[PDB]
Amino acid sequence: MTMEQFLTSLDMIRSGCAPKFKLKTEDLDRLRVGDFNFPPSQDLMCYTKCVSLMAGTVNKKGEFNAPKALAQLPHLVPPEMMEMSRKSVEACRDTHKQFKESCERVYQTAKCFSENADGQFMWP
């Protein structure tokens, strides 16, 4: 995937998930630039789960699958973002073990990616 394809994919992924929830545009804008520094609603957390299910990086119980995520990266991010993503997969692989509820498990993992990111992080 090229950078141009990646940037557009963010909108396409959002379109498959956002209609299932009641979400604020301002909250989606913040996640889009990797700013997870605000309290999320349950709907926003479950949105992150929907996006991750589409990516194949989590199961329906919200358990993050690090080997599978590493294998999926070429279908998720451009070459330019691979190393940063590999680094965040490793740093954030066990975050889900601290939570029991599936949407929360995914949201906290995504928040960890955003915080561990050593470059710009973008969420669909």
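For every residue, the number given is its place in the sequence shown, counted from 1.
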Of 40-48 vs 54-62, the stretch with the larger average CA B-factor in the entry is 54-62
Quick note on 115-123 and 4-12: per-entry mean CA temperature factor is higher in 115-123
Among the modelled residues of its chain, the C-alpha B-factor of residue 20 falls in the third labelled lowest
Tertile call for residue 77 (CA temperature factor, within chain, third-based) is the middle
The third of the chain into which the C-alpha temperature factor of residue 27 falls is the lowest
So, residue 69's CA B-factor, relative to its chain, sits in which third? The highest
Of the three thirds of the chain ranked by Cα temperature factor, residue 84 occupies the middle
